[PDB]
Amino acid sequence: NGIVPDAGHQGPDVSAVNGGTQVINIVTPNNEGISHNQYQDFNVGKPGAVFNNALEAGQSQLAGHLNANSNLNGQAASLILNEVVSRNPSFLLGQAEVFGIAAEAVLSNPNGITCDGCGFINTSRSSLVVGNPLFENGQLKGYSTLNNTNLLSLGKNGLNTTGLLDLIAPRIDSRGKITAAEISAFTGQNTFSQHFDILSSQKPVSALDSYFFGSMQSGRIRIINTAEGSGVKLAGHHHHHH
């Protein structure tokens, strides 16, 4: 019951295997190739969650045998955008798998995202955005972390993916092992393009320091904190107030 779709036209169908692994029959992709899914709640438990991007029945890693997603009509999604539209933060405590055609995946939740033993399967690029998507004339234009001080937290059990990983938030607090083909961590109050080019940056009211403890196992690591007055702190397992 961790994932609760919005009642409107962008809410996908969600069902759970024996109360466990959640399967999301994502909405039909639009002309941009984006399946834009909106949620009142988005949380993944230990048993994980599957985005059904399959045109034929088959074998998912987390859920076993699944039928095709009948919301797709001949064309799978290129980008699976999951947007939390409520005030509820997200907790990711297990794996998220794209079943079927490999895609990019984005979770946006301006209220905060916590990962702890989460990961992304069959994703070419996975992005966790503590912010909102920006739409203009019905097209995705990018993302915004403006006027937001909430946290992308990564816990001691870490985050694993074979694909590219973007960590996009006002601030990050990571305490575990991050594994990805490449890690990009862009922090501060910013607007971004769809590709996470930084388009603009605000000066925050107070410091937005990010903290990293643990390890990073990746081909490339890039970190950019655009907040004035702020930095990137390489922490031990606690950061006590001074």
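The first residue of the shown sequence is 1; numbering continues from there.
Comparing 3 to 11 with 231 to 239, the higher mean C-alpha B-factor in the PDB entry belongs to 231 to 239. Taking the PDB entry as given, 55 to 63 carries the higher mean Cα B factor of the two stretches 55 to 63 and 210 to 218. Take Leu72, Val84, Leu81, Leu92 and read off each C-alpha B-factor from the entry; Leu72 has the highest. Sorting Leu165, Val98, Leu140, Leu152 by the CA temperature factor given in the entry leaves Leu140 at the top. In the PDB entry, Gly33 places in the middle third of its chain by CA B-factor.
Among all modelled residues in its chain, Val17 ranks in the highest third by Cα B-factor.
Ranked by C-alpha B-factor against the other modelled residues of its chain, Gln202 falls in the highest third. Among the modelled residues of the chain, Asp116 sits in the middle third by CA temperature factor in this PDB entry. Per-chain ranking of the deposited C-alpha B factor places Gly188 in the lowest third.
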